[PDB]
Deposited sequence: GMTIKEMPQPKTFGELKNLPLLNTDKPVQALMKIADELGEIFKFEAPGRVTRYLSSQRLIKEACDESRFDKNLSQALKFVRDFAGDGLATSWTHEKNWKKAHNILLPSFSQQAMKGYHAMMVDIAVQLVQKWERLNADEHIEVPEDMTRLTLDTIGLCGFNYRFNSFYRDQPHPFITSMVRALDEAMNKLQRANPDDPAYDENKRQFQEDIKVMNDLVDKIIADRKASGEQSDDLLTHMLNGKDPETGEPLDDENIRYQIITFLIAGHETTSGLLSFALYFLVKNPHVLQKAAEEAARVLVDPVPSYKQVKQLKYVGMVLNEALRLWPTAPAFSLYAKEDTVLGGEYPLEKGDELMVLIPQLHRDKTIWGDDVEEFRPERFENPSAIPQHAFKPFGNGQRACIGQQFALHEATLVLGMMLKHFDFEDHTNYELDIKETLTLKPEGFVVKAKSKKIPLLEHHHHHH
């Protein structure tokens, strides 16, 4: 009944607890101390961080809870607008864009994106096989190059050409700076605000240009010509730009974190890497992986799911109670009461996964049916779950599969996991050396 709350800071309540560069990990440590639920108060806001499958499975009841816009999401809404990720479920443009865009993210739609995913994946592999001796790989940097280019290419046939740059594409640099500003205001300026609007313009001008410029096999085509079966309406141009902005953000950084964490856990667990590398070798018998071969990379997918278990790169989502309801039979919630699902802690729930929750064990996902309901939520929940899950997973499986096929990897620095936090998670400074297996493409 009496809900635990972490230390307060006078009138600031718990807000300064987020005044840290690693708020998710700070929240997880708080979850370690306080348990499955703790109240988090900030000036003018109360939320509850859920960390157990017991409570989160109720929070995932869409008849009782709907997606809430966290303060993080509300600030991403400043440039993602009513894009899919920053729109409320009851906003007409969410279900509209949902129905319009869901066929473009089906498992069957991955077949159309596969070639362009390979295009970028080949560029990644070519970059690494072209490295000189003793040179190392900046993993999250290269994973972001790949995921950004993959969503750019697969999403609206735009080549960010990140592998031709060291300084990222002006869109990416503005987007990150905006996202950073979006995060800074959570734990918080006319220079910041003008820069924010300028970064908004840099993002929007690119996007808005390409909409006017444009049949490719991409998300933009479906956005330009797709009609919502419900309303019969297509997305208007302002929402299409918001979706592109949404897909550029939501399409790259969580996926690059996944690949970065996956490779980190692989090089930290050589036996797991060996299983994954040997599967990659046995399955990817062609110079270019086919869609079906990527689907055949069962273990690589398990590696990715386990990476998503330990470090879900979109580490939280927010919910609000649609009506008065009792959470877990002991925590009464009033209509509109907010919940935060602390996904990394949920994925460390000892009652679901056993005691070895901190161990990287892909075999937890041999049989996905075995995972209890709502125990594994790296892609969110219900109709507001990640529309790009199959995209992210297909890309990450394809890329990780090719990486393991073509290179032996060395944790040459004995890298100490340092998880940099934006709105997503990434192992900062994670570097490896890759010894090419000299398998041509």
Comparing the deposited sequence with the modelled residues, which stretches have no C-alpha coordinates? 1-4, 193-199, 226-230, 458-465
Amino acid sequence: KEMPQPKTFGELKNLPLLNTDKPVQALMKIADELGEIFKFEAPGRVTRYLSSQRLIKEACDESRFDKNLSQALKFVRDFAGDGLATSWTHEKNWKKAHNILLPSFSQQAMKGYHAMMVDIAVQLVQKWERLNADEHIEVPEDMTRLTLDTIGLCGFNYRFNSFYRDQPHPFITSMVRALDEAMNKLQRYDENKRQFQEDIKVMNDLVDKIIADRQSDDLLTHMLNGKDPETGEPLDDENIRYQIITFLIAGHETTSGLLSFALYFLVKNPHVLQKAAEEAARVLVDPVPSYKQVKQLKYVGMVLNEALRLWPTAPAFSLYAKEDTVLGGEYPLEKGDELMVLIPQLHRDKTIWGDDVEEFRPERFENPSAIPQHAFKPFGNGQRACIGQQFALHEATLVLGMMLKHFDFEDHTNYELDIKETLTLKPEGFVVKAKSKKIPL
From here on, numbers count along this sequence of modelled residues.
Quick one: higher average CA temperature factor, 72-80 or 122-130? 72-80
Can you let me know which of the two, 145-153 or 190-198, has the higher average C-alpha B-factor in the entry? 190-198
Between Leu248, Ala85, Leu101, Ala307, let me know which has the highest C-alpha B-factor in the entry? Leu248
Can you pull the Cα B-factors for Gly401, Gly388, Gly380, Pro43 from the entry and say which is highest? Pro43
Thinking about Cα B factors across the chain, which third does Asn225 belong to? highest
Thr173 by Cα B-factor - lowest, middle or highest third of the modelled chain: highest
Can you tell me which third, lowest, middle or highest, the CA B-factor of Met183 falls into for its chain? highest
On the chain's distribution of Cα B-factors, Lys268 falls within the third called lowest
When the modelled residues of the chain are sorted by Cα temperature factor, does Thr255 land in the lowest, middle or highest third? middle
